[PDB]
file work-v1.cif (mmCIF, C-alpha atoms and all ligand atoms)
data_entry
loop_
_atom_site.label_atom_id
_atom_site.label_comp_id
_atom_site.auth_asym_id
_atom_site.auth_seq_id
_atom_site.Cartn_x
_atom_site.Cartn_y
_atom_site.Cartn_z
CA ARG F 1 2.31 15.79 8.03
CA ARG F 2 1.60 12.04 8.15
CA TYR F 3 1.28 10.39 4.73
CA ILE F 4 0.95 6.61 4.63
CA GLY F 5 1.35 6.35 0.85
CA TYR F 6 4.96 7.46 1.24
CA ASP F 7 5.54 5.67 4.55
CA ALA F 8 4.62 2.39 2.81
CA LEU F 9 7.98 2.52 0.99
CA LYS F 10 9.61 1.85 4.40
CA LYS F 11 9.36 -1.91 4.91
CA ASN F 12 9.86 -1.55 8.68
CA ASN F 13 7.16 0.98 9.63
CA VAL F 14 3.61 0.12 10.70
CA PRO F 15 0.36 2.15 10.73
CA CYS F 16 -0.08 1.38 14.45
CA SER F 17 2.66 1.13 17.07
CA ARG F 18 0.35 -0.35 19.71
CA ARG F 19 0.47 -4.10 19.12
CA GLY F 20 -2.72 -6.15 18.90
CA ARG F 21 -5.03 -3.24 18.10
CA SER F 22 -6.49 -2.97 14.62
CA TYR F 23 -4.82 -0.53 12.25
CA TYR F 24 -8.09 1.41 12.03
CA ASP F 25 -8.66 1.83 15.78
CA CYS F 26 -5.08 2.66 16.85
CA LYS F 27 -6.10 4.38 20.08
CA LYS F 28 -5.96 3.56 23.80
CA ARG F 29 -6.39 -0.16 24.48
CA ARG F 30 -8.74 -0.03 27.50
CA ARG F 31 -10.10 -3.41 26.36
CA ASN F 32 -7.80 -4.10 23.37
CA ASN F 33 -10.68 -5.44 21.28
CA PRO F 34 -9.52 -6.76 17.88
CA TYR F 35 -13.14 -6.49 16.65
CA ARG F 36 -13.53 -2.70 16.92
CA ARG F 37 -13.09 -0.41 13.90
CA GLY F 38 -12.74 3.25 14.83
CA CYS F 39 -12.00 5.04 11.56
CA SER F 40 -13.44 4.29 8.11
CA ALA F 41 -10.58 5.35 5.79
CA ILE F 42 -6.86 4.80 6.31
CA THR F 43 -5.87 8.41 5.71
CA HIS F 44 -7.77 10.25 8.47
CA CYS F 45 -6.59 7.67 11.06
CA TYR F 46 -2.79 7.42 10.97
CA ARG F 47 -1.92 6.53 14.62
CA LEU A 1 -4.43 -35.72 24.11
CA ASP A 2 -5.54 -34.82 27.64
CA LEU A 3 -6.46 -31.13 27.39
CA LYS A 4 -9.90 -29.50 27.45
CA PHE A 5 -10.62 -25.96 26.28
CA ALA A 6 -13.19 -23.34 27.19
CA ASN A 7 -14.92 -23.91 23.84
CA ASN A 8 -14.61 -26.09 20.76
CA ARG A 9 -13.53 -23.21 18.51
CA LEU A 10 -10.36 -22.39 20.46
CA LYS A 11 -9.45 -26.09 20.32
CA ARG A 12 -8.85 -25.78 16.57
CA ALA A 13 -6.78 -22.63 17.15
CA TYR A 14 -4.49 -24.61 19.45
CA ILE A 15 -4.11 -27.23 16.70
CA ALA A 16 -3.20 -24.54 14.16
CA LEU A 17 -0.79 -22.62 16.41
CA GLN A 18 1.08 -25.72 17.58
CA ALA A 19 1.41 -26.96 14.00
CA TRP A 20 2.37 -23.42 12.98
CA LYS A 21 4.82 -23.35 15.89
CA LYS A 22 6.33 -26.51 14.39
CA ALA A 23 6.74 -24.49 11.17
CA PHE A 24 8.80 -21.80 12.95
CA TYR A 25 12.36 -22.36 11.73
CA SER A 26 13.83 -19.43 13.69
CA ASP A 27 12.78 -16.88 16.29
CA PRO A 28 15.57 -14.70 17.77
CA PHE A 29 13.13 -12.85 20.06
CA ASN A 30 11.86 -16.08 21.70
CA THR A 31 8.32 -14.76 21.19
CA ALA A 32 7.14 -18.32 20.44
CA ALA A 33 8.42 -19.90 23.67
CA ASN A 34 5.08 -18.92 25.25
CA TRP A 35 3.09 -21.10 22.80
CA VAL A 36 2.57 -24.08 25.09
CA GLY A 37 -0.55 -24.99 27.05
CA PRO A 38 -4.30 -24.71 26.48
CA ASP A 39 -4.58 -21.08 27.68
CA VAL A 40 -4.18 -19.74 24.15
CA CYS A 41 -5.44 -16.25 25.05
CA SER A 42 -2.21 -15.63 27.02
CA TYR A 43 0.06 -16.58 24.10
CA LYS A 44 2.26 -13.76 22.87
CA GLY A 45 0.97 -12.45 19.53
CA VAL A 46 -2.60 -13.79 19.65
CA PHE A 47 -5.48 -11.88 21.21
CA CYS A 48 -8.97 -12.89 22.31
CA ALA A 49 -12.29 -11.06 22.31
CA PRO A 50 -15.96 -11.97 22.86
CA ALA A 51 -17.12 -13.66 19.68
CA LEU A 52 -19.46 -11.64 17.47
CA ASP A 53 -21.45 -14.86 17.05
CA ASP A 54 -22.21 -15.03 20.78
CA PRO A 55 -20.79 -12.80 23.56
CA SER A 56 -20.98 -15.79 25.93
CA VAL A 57 -18.02 -17.45 24.19
CA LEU A 58 -14.60 -15.87 23.60
CA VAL A 59 -12.48 -16.72 20.55
CA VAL A 60 -9.09 -15.94 19.05
CA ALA A 61 -10.02 -12.78 17.14
CA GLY A 62 -6.65 -11.58 15.84
CA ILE A 63 -2.98 -12.38 15.46
CA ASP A 64 -0.36 -9.63 15.74
CA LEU A 65 3.28 -10.50 15.04
CA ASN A 66 4.86 -7.13 14.28
CA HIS A 67 8.43 -6.86 13.52
CA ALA A 68 9.76 -9.74 15.70
CA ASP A 69 11.97 -11.48 13.10
CA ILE A 70 10.28 -14.88 12.66
CA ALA A 71 11.28 -17.43 10.02
CA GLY A 72 9.38 -20.36 8.57
CA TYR A 73 6.41 -21.04 6.32
CA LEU A 74 2.64 -20.93 6.73
CA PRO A 75 1.34 -24.53 6.89
CA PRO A 76 -2.12 -25.44 5.54
CA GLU A 77 -3.24 -26.34 9.08
CA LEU A 78 -4.11 -22.64 9.56
CA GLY A 79 -7.49 -23.24 7.91
CA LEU A 80 -8.80 -24.32 11.31
CA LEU A 81 -7.83 -20.84 12.60
CA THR A 82 -11.24 -19.35 11.89
CA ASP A 83 -12.81 -15.99 12.90
CA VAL A 84 -9.50 -14.09 12.78
CA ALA A 85 -9.70 -10.70 11.05
CA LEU A 86 -6.29 -9.08 11.66
CA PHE A 87 -3.15 -10.97 10.62
CA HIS A 88 -0.12 -8.73 11.22
CA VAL A 89 2.87 -10.85 10.14
CA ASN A 90 5.10 -8.03 8.89
CA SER A 91 8.90 -7.69 8.84
CA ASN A 92 9.57 -11.36 9.68
CA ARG A 93 11.51 -13.84 7.53
CA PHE A 94 8.53 -15.99 6.53
CA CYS A 95 8.65 -17.95 3.27
CA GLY A 96 6.41 -20.15 1.15
CA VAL A 97 3.29 -19.24 -0.82
CA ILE A 98 0.15 -18.29 1.09
CA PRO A 99 -1.73 -21.57 1.65
CA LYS A 100 -5.00 -22.15 -0.17
CA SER A 101 -6.54 -23.36 3.10
CA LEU A 102 -6.54 -19.77 4.41
CA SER A 103 -9.68 -19.23 2.30
CA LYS A 104 -11.60 -20.63 5.30
CA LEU A 105 -10.84 -17.30 7.05
CA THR A 106 -14.14 -15.80 5.92
CA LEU A 107 -13.79 -13.06 8.58
CA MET A 108 -10.45 -11.78 7.27
CA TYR A 109 -10.56 -7.98 7.44
CA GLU A 110 -6.92 -6.81 7.35
CA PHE A 111 -4.05 -8.93 6.01
CA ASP A 112 -0.45 -7.77 6.60
CA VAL A 113 2.24 -9.98 5.05
CA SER A 114 4.43 -6.97 4.25
CA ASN A 115 8.25 -7.25 4.34
CA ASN A 116 8.39 -11.03 3.91
CA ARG A 117 10.20 -13.52 1.69
CA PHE A 118 6.97 -14.86 0.16
CA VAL A 119 7.71 -15.97 -3.40
CA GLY A 120 4.64 -16.78 -5.46
CA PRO A 121 2.32 -15.62 -8.18
CA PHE A 122 -0.38 -13.33 -6.91
CA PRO A 123 -2.37 -14.85 -3.99
CA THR A 124 -5.64 -15.84 -5.71
CA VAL A 125 -6.73 -17.03 -2.26
CA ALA A 126 -6.52 -13.48 -0.91
CA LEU A 127 -9.45 -12.70 -3.25
CA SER A 128 -11.96 -15.07 -1.60
CA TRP A 129 -11.97 -12.91 1.57
CA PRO A 130 -15.12 -10.75 1.33
CA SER A 131 -14.60 -8.56 4.39
CA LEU A 132 -11.01 -7.74 3.42
CA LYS A 133 -10.42 -3.98 3.40
CA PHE A 134 -6.68 -3.63 4.13
CA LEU A 135 -4.24 -5.63 1.99
CA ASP A 136 -0.49 -5.06 1.73
CA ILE A 137 1.92 -7.46 0.01
CA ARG A 138 4.77 -4.97 -0.16
CA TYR A 139 8.47 -5.85 -0.06
CA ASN A 140 7.68 -9.36 -1.30
CA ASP A 141 8.78 -11.32 -4.38
CA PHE A 142 5.46 -11.80 -6.13
CA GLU A 143 5.54 -12.48 -9.86
CA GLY A 144 3.37 -12.26 -12.95
CA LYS A 145 0.14 -10.44 -13.68
CA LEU A 146 -1.95 -8.48 -11.22
CA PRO A 147 -5.45 -9.97 -11.58
CA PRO A 148 -8.13 -7.40 -12.49
CA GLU A 149 -10.50 -9.05 -9.98
CA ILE A 150 -8.72 -7.26 -7.10
CA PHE A 151 -10.24 -3.84 -7.80
CA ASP A 152 -13.78 -5.17 -8.25
CA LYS A 153 -13.88 -5.90 -4.50
CA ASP A 154 -14.75 -3.21 -1.95
CA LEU A 155 -11.20 -2.67 -0.74
CA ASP A 156 -9.89 0.33 1.17
CA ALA A 157 -6.11 -0.03 0.77
CA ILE A 158 -3.88 -1.98 -1.63
CA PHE A 159 -0.09 -2.05 -1.24
CA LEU A 160 2.10 -3.62 -3.92
CA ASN A 161 5.47 -1.93 -3.44
CA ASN A 162 8.84 -3.59 -4.06
CA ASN A 163 7.48 -6.62 -5.94
CA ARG A 164 8.03 -8.14 -9.38
CA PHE A 165 4.77 -7.55 -11.24
CA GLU A 166 5.23 -7.66 -15.01
CA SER A 167 1.76 -7.12 -16.54
CA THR A 168 -0.08 -3.84 -17.12
CA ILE A 169 -2.45 -1.98 -14.83
CA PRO A 170 -5.91 -3.55 -15.28
CA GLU A 171 -8.74 -1.51 -16.76
CA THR A 172 -10.78 -2.52 -13.68
CA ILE A 173 -8.79 -0.01 -11.59
CA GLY A 174 -11.72 2.42 -11.81
CA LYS A 175 -14.08 0.05 -9.99
CA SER A 176 -12.07 0.15 -6.75
CA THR A 177 -13.14 2.01 -3.62
CA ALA A 178 -9.51 1.69 -2.37
CA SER A 179 -8.61 4.93 -0.59
CA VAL A 180 -4.86 4.29 -1.01
CA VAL A 181 -3.09 2.24 -3.68
CA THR A 182 0.66 1.79 -4.20
CA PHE A 183 2.41 0.39 -7.28
CA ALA A 184 5.88 1.63 -6.37
CA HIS A 185 9.18 -0.09 -7.21
CA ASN A 186 7.53 -2.57 -9.58
CA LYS A 187 8.00 -3.48 -13.25
CA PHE A 188 4.53 -2.42 -14.42
CA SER A 189 4.53 -2.14 -18.21
CA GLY A 190 1.95 -0.44 -20.40
CA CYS A 191 0.05 2.80 -19.93
CA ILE A 192 -2.16 4.15 -17.17
CA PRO A 193 -5.77 3.20 -18.01
CA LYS A 194 -8.30 5.94 -18.77
CA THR A 195 -10.66 4.62 -16.06
CA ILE A 196 -9.12 6.36 -13.02
CA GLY A 197 -11.64 9.16 -12.49
CA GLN A 198 -14.29 6.52 -11.81
CA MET A 199 -12.85 6.44 -8.25
CA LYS A 200 -14.55 9.38 -6.49
CA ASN A 201 -12.78 8.39 -3.26
CA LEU A 202 -9.07 7.81 -4.00
CA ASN A 203 -6.95 9.76 -1.49
CA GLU A 204 -3.32 8.68 -1.98
CA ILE A 205 -1.60 7.02 -4.94
CA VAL A 206 2.03 6.42 -5.96
CA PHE A 207 3.81 5.14 -9.08
CA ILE A 208 7.49 5.47 -8.12
CA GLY A 209 10.05 3.39 -10.00
CA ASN A 210 8.00 1.65 -12.69
CA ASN A 211 8.71 0.84 -16.33
CA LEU A 212 5.47 2.53 -17.37
CA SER A 213 5.04 4.59 -20.54
CA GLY A 214 2.48 6.56 -22.53
CA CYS A 215 1.00 10.04 -22.51
CA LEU A 216 -0.86 10.91 -19.33
CA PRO A 217 -4.58 9.99 -19.42
CA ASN A 218 -6.22 13.37 -18.79
CA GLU A 219 -9.16 11.73 -16.99
CA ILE A 220 -7.16 11.93 -13.73
CA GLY A 221 -8.59 15.42 -13.14
CA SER A 222 -11.88 13.96 -11.87
CA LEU A 223 -10.14 13.10 -8.56
CA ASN A 224 -11.52 16.10 -6.71
CA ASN A 225 -10.62 14.74 -3.25
CA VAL A 226 -7.12 13.33 -3.77
CA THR A 227 -4.10 14.00 -1.57
CA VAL A 228 -0.98 12.24 -2.93
CA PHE A 229 -0.23 11.75 -6.64
CA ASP A 230 3.25 10.54 -7.60
CA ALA A 231 4.72 9.21 -10.85
CA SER A 232 8.45 9.41 -10.14
CA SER A 233 11.19 7.38 -11.86
CA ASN A 234 8.87 6.42 -14.73
CA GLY A 235 9.11 6.62 -18.52
CA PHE A 236 6.10 8.87 -19.11
CA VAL A 237 6.26 11.05 -22.22
CA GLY A 238 4.10 13.99 -23.26
CA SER A 239 2.79 17.25 -21.85
CA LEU A 240 0.86 17.92 -18.67
CA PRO A 241 -2.91 18.04 -19.31
CA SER A 242 -4.85 21.18 -18.49
CA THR A 243 -7.76 19.26 -16.92
CA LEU A 244 -5.70 18.33 -13.85
CA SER A 245 -6.94 21.66 -12.41
CA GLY A 246 -9.79 19.67 -10.83
CA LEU A 247 -7.45 18.23 -8.18
CA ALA A 248 -8.46 20.91 -5.68
CA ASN A 249 -7.61 18.80 -2.61
CA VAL A 250 -4.14 17.67 -3.72
CA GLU A 251 -1.39 18.31 -1.17
CA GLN A 252 1.77 16.80 -2.70
CA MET A 253 2.80 15.75 -6.20
CA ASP A 254 6.01 14.35 -7.69
CA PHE A 255 6.88 13.80 -11.35
CA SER A 256 10.67 13.52 -11.18
CA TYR A 257 12.99 11.26 -13.19
CA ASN A 258 10.55 11.13 -16.12
CA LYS A 259 10.70 12.22 -19.76
CA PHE A 260 7.77 14.63 -19.72
CA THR A 261 7.59 17.39 -22.31
CA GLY A 262 5.40 20.41 -22.92
CA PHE A 263 4.17 23.29 -20.78
CA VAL A 264 3.76 23.73 -17.03
CA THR A 265 0.40 25.28 -16.21
CA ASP A 266 0.28 28.08 -13.64
CA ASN A 267 -3.44 27.51 -12.94
CA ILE A 268 -3.65 24.64 -10.44
CA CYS A 269 -0.04 24.89 -9.25
CA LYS A 270 -1.15 27.67 -6.87
CA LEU A 271 -3.29 25.55 -4.54
CA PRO A 272 -3.52 26.53 -0.86
CA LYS A 273 -3.11 22.88 0.16
CA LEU A 274 -0.45 21.78 -2.35
CA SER A 275 3.00 21.36 -0.80
CA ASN A 276 6.36 20.07 -2.10
CA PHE A 277 5.59 20.11 -5.83
CA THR A 278 8.61 18.41 -7.42
CA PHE A 279 9.02 18.22 -11.21
CA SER A 280 12.84 17.97 -11.33
CA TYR A 281 14.91 15.85 -13.73
CA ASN A 282 12.43 16.28 -16.57
CA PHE A 283 12.00 18.13 -19.87
CA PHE A 284 9.78 21.20 -19.75
CA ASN A 285 9.89 23.85 -22.46
CA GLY A 286 7.22 25.65 -20.43
CA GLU A 287 7.86 28.13 -17.64
CA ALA A 288 7.17 28.06 -13.91
CA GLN A 289 6.35 31.77 -13.49
CA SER A 290 3.90 31.18 -10.64
CA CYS A 291 4.46 27.41 -10.35
CA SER A 292 9.82 28.91 -6.80
CA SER A 293 8.72 31.69 -4.46
CA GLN A 294 8.95 30.53 -0.87
CA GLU A 295 5.47 29.98 0.44
CA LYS A 296 5.47 26.33 -0.72
CA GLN A 297 8.14 23.93 -2.03
CA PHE A 298 9.04 23.56 -5.71
CA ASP A 299 11.92 21.71 -7.37
CA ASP A 300 13.27 22.63 -10.82
CA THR A 301 16.57 20.76 -11.25
CA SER A 302 17.59 19.22 -14.58
CA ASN A 303 14.38 20.67 -16.03
CA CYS A 304 15.94 22.73 -18.87
CA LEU A 305 14.68 26.12 -17.69
CA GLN A 306 16.98 28.74 -19.20
CA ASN A 307 15.91 31.37 -16.67
CA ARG A 308 16.46 28.92 -13.73
CA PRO A 309 19.78 27.39 -12.59
CA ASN A 310 20.66 23.68 -12.38
CA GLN A 311 19.51 23.04 -15.95
CA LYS A 312 20.73 20.52 -18.52
CA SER A 313 23.20 21.06 -21.39
CA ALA A 314 21.31 22.43 -24.41
CA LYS A 315 22.80 19.47 -26.30
CA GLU A 316 20.99 17.14 -23.87
CA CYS A 317 17.75 19.17 -23.74
CA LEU A 318 15.78 18.28 -26.89
CA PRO A 319 18.60 17.21 -29.24
CA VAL A 320 15.97 14.83 -30.65
CA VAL A 321 12.57 15.76 -32.05
CA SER A 322 11.55 18.81 -30.02
CA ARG A 323 7.96 18.01 -30.88
CA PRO A 324 6.32 16.24 -27.93
CA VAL A 325 4.27 13.16 -28.63
CA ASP A 326 0.98 14.41 -30.03
CA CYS A 327 -0.99 12.79 -27.15
CA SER A 328 -3.50 12.28 -29.98
CA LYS A 329 -3.91 9.03 -31.94
CA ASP A 330 -2.04 7.59 -28.95
CA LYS A 331 -3.75 4.52 -27.53
CA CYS A 332 -3.16 5.83 -23.99
CA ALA A 333 -4.51 9.39 -24.37
CA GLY A 334 -7.40 9.37 -26.86
CA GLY A 335 -8.22 8.28 -30.40
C1 LIG F 401 9.80 16.69 -1.04
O1 LIG F 401 9.70 15.78 -2.13
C2 LIG F 401 10.96 15.28 -2.57
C3 LIG F 401 10.75 14.40 -3.80
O2 LIG F 401 9.84 13.34 -3.48
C4 LIG F 401 11.63 14.50 -1.44
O3 LIG F 401 12.94 14.08 -1.84
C5 LIG F 401 13.05 12.65 -1.70
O4 LIG F 401 13.16 12.25 -0.33
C6 LIG F 401 13.21 10.83 -0.16
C7 LIG F 401 13.23 10.50 1.32
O5 LIG F 401 12.03 11.00 1.94
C8 LIG F 401 14.43 10.26 -0.86
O6 LIG F 401 14.37 8.83 -0.77
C9 LIG F 401 15.67 8.28 -0.47
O7 LIG F 401 16.46 8.20 -1.65
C10 LIG F 401 17.75 7.62 -1.46
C11 LIG F 401 18.53 7.76 -2.75
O8 LIG F 401 18.78 9.14 -2.98
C12 LIG F 401 17.56 6.16 -1.04
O9 LIG F 401 18.82 5.54 -0.86
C13 LIG F 401 16.75 6.10 0.27
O10 LIG F 401 16.52 4.74 0.62
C14 LIG F 401 17.12 4.46 1.90
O11 LIG F 401 16.22 4.75 2.95
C15 LIG F 401 15.01 3.96 2.96
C16 LIG F 401 14.15 4.47 4.11
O12 LIG F 401 14.94 4.48 5.29
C17 LIG F 401 15.38 2.48 3.10
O13 LIG F 401 14.20 1.69 3.07
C18 LIG F 401 16.31 2.07 1.95
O14 LIG F 401 16.65 0.70 2.06
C19 LIG F 401 17.54 2.97 1.90
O15 LIG F 401 18.30 2.64 3.06
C20 LIG F 401 15.44 6.88 0.17
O16 LIG F 401 14.56 6.10 -0.63
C21 LIG F 401 14.43 10.67 -2.33
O17 LIG F 401 15.64 10.24 -2.97
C22 LIG F 401 14.30 12.18 -2.45
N1 LIG F 401 14.25 12.59 -3.84
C23 LIG F 401 15.35 12.81 -4.54
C24 LIG F 401 15.15 13.35 -5.93
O18 LIG F 401 16.47 12.59 -4.09
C25 LIG F 401 11.76 15.39 -0.21
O19 LIG F 401 12.28 14.63 0.89
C26 LIG F 401 10.40 15.97 0.17
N2 LIG F 401 10.55 16.87 1.29
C27 LIG F 401 9.86 16.72 2.42
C28 LIG F 401 9.56 15.31 2.83
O20 LIG F 401 9.48 17.68 3.08
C1 LIG F 402 -14.99 12.49 -2.47
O1 LIG F 402 -16.05 13.29 -3.02
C2 LIG F 402 -17.11 12.51 -3.57
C3 LIG F 402 -18.14 13.43 -4.23
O2 LIG F 402 -19.25 13.62 -3.35
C4 LIG F 402 -17.75 11.69 -2.46
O3 LIG F 402 -18.80 10.88 -3.01
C5 LIG F 402 -16.71 10.80 -1.80
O4 LIG F 402 -17.29 10.11 -0.69
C6 LIG F 402 -15.53 11.64 -1.32
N1 LIG F 402 -14.50 10.75 -0.82
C7 LIG F 402 -13.67 11.09 0.17
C8 LIG F 402 -14.17 12.11 1.14
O5 LIG F 402 -12.56 10.59 0.27
#

call {"tool": "encode", "arguments": {"input": "work-v1.cif", "output": "structure tokens", "more": "lines below"}}
Ligand SMILES: *[C@@H]1O[C@H](CO)[C@@H](O[C@@H]2O[C@H](CO)[C@@H](O[C@@H]3O[C@H](CO)[C@@H](O)[C@H](O[C@H]4O[C@H](CO)[C@@H](O)[C@H](O)[C@@H]4O)[C@@H]3O)[C@H](O)[C@H]2NC(C)=O)[C@H](O)[C@H]1NC(C)=O
Ligand SMILES: *[C@@H]1O[C@H](CO)[C@@H](O)[C@H](O)[C@H]1NC(C)=O
result
Amino acid sequence: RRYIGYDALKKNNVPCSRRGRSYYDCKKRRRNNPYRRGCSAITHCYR
Amino acid sequence: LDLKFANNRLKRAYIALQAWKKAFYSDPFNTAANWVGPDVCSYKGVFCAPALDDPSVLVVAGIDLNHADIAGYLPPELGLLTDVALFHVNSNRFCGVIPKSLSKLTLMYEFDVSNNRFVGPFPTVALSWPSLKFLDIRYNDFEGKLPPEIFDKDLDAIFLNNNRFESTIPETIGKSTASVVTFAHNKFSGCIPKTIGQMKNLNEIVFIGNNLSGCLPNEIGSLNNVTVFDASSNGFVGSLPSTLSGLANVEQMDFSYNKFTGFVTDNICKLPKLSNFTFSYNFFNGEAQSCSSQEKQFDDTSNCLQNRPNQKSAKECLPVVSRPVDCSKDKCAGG
């Protein structure tokens, strides 16, 4: 349901709504660590 | 100067941010009014974390400036802004070419200058970043050739939409690990190289709105685990290859607004995962017997199917040589 290859055509959208977090670890920001990488590929982790 | 910082490494970040604050020509959200004082970790947009070098010391680890319309240019004083890995500067009115001094950001992991007014050639400084895995320069005015050195690096995502590239797709495309790549709304000339199937990991891919030509390189069938394949609004000519039946994991495909000829195969078009298979606004003498029943989504408009409605005037459907290109002797499809 969520395809980032097509959502890239929308200049305004982002892979992660939560600001500060990395686009790969777009989950709850208990510590909000910019140096933590949850997922490996940017298709299984879209938000 | 009468300020002391927690460490020496955040001192350089203060120098970069204040100089980069002086490069802010506009900020309607007043998100930069907080950028005063030595307590950099409380600035809006920057974020701190214990340094991977030593957990005793904390450093500016990332900068996040999502939409927040911000205007200006990136000054070369950002080279002091070391250890940052995420640089989300999207949807803000920044200008000027990416500074060469950003090559000092050896820890750059994801770089997000999407939806900006950056006008340059391609950023040959964005190639010195070894840890870079996410790169998007979409909705920018970049010009010229796309360097083949980009795909040789272990990248995970490459976004190039809505730019002004004018070269051809490099033959090095096969060497890329890049899960997702986007060439949409660009002026890519030439043919698709026959080195795709050397991917083995490509998930999504798009080619919407390009001035690309040539018969389809049949080696695309080797993409066993691929999800999105799109070639809309292109000038592709020829028939659909039969070897594309290897795309077992494909979920959506689009081939509209092209000048394809030939036959539609019924073999792969019945895939349990394939959805919204659009081939409208094309030429197809073949039939879609199993390829408009409503368990999935198919589009057959302006396709010249006599049995199907919404076709094109027989005077517009093949009033020229009804022979497709042979897809043989063609430099883009074989010998
Ligand atoms: C199944 O697949 C089909 C074919 O891909 C798909 O139809 C397409 O839908 C997209 C939208 O998802 C259409 O794209 C729009 O096209 C119009 C012109 O007709 C543009 O003006 C639009 O751009 C506006 O919106 C953008 C996003 O907000 C803005 O960034 C932009 O500046 C414009 O304001 C937009 O690109 C596309 O036209 C159709 N295809 C055709 C042939 O019309 C269909 O939606 C898919 N069904 C699904 C998703 O289930
Ligand atoms: C796709 O399948 C190949 C074949 O084993 C594998 O090496 C590769 O890691 C897979 N990539 C994915 C799951 O995207």

call {"tool": "interface_residues", "arguments": {"input": "work-v1.cif", "of": "chain F", "to": "chain A", "cutoff": "7 Å", "atoms": "only C-alpha atoms", "output": "PDB file with C-alpha atoms, in the coordinates of the input"}}
result
ATOM      1  CA  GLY F   5       1.350   6.350   0.850  1.00  0.00           C
ATOM      2  CA  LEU F   9       7.980   2.520   0.990  1.00  0.00           C
ATOM      3  CA  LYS F  11       9.360  -1.910   4.910  1.00  0.00           C
ATOM      4  CA  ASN F  12       9.860  -1.550   8.680  1.00  0.00           C
ATOM      5  CA  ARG F  19       0.470  -4.100  19.120  1.00  0.00           C
ATOM      6  CA  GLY F  20      -2.720  -6.150  18.900  1.00  0.00           C
ATOM      7  CA  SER F  22      -6.490  -2.970  14.620  1.00  0.00           C
ATOM      8  CA  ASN F  33     -10.680  -5.440  21.280  1.00  0.00           C
ATOM      9  CA  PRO F  34      -9.520  -6.760  17.880  1.00  0.00           C
ATOM     10  CA  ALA F  41     -10.580   5.350   5.790  1.00  0.00           C
TER      11      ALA F  41
END

call {"tool": "closest_residue", "arguments": {"input": "work-v1.cif", "among": "A:286, A:209, A:170, A:197", "to": "ligand LIG 402 (chain F)", "atoms": "all atoms listed in the file"}}
result
A:197

call {"tool": "axis_aligned_box", "arguments": {"input": "work-v1.cif", "around": "ligand LIG 402 (chain F)", "padding_each_side": "8 Å", "output": "AutoDock Vina command-line options"}}
result
--center_x -15.9 --center_y 11.9 --center_z -1.5 --size_x 22.7 --size_y 19.5 --size_z 21.4

call {"tool": "residues_near_ligand", "arguments": {"input": "work-v1.cif", "ligand": "ligand LIG 401 (chain F)", "cutoff": "6 Å", "atoms": "all atoms listed in the file", "output": "PyMOL selection string"}}
result
(chain F and resi 10) or (chain A and resi 254+276+278)

call {"tool": "atom_distance", "arguments": {"input": "work-v1.cif", "atom1": "atom CA of residue A:26", "atom2": "atom CA of residue A:117"}}
result
13.9 Å

call {"tool": "atom_distance", "arguments": {"input": "work-v1.cif", "atom1": "atom CA of residue A:95", "atom2": "atom CA of residue A:16"}}
result
17.4 Å

call {"tool": "atom_distance", "arguments": {"input": "work-v1.cif", "atom1": "atom CA of residue A:313", "atom2": "atom CA of residue A:258"}}
result
16.9 Å

call {"tool": "residues_around", "arguments": {"input": "work-v1.cif", "residues": "residue A:211", "least_positions_apart": "4", "cutoff": "12 Å", "atoms": "only C-alpha atoms", "output": "MDAnalysis selection string"}}
result
chainID A and resid 164:169 183:192 207 231:236 257:258

call {"tool": "closest_residue", "arguments": {"input": "work-v1.cif", "among": "F:46, F:8, F:13, F:40", "to": "ligand LIG 402 (chain F)", "atoms": "only C-alpha atoms and all ligand atoms"}}
result
F:40

call {"tool": "closest_residue", "arguments": {"input": "work-v1.cif", "among": "A:273, A:323, A:296, A:200", "to": "ligand LIG 402 (chain F)", "atoms": "all atoms listed in the file"}}
result
A:200

call {"tool": "closest_residue", "arguments": {"input": "work-v1.cif", "among": "F:7, F:24, F:17, F:42", "to": "ligand LIG 402 (chain F)", "atoms": "all atoms listed in the file"}}
result
F:42

call {"tool": "closest_residue", "arguments": {"input": "work-v1.cif", "among": "A:300, A:248, A:15, A:294", "to": "ligand LIG 402 (chain F)", "atoms": "only C-alpha atoms and all ligand atoms"}}
result
A:248

call {"tool": "closest_residue", "arguments": {"input": "work-v1.cif", "among": "A:317, A:250, A:126, A:288", "to": "residue A:107", "atoms": "only C-alpha atoms"}}
result
A:126
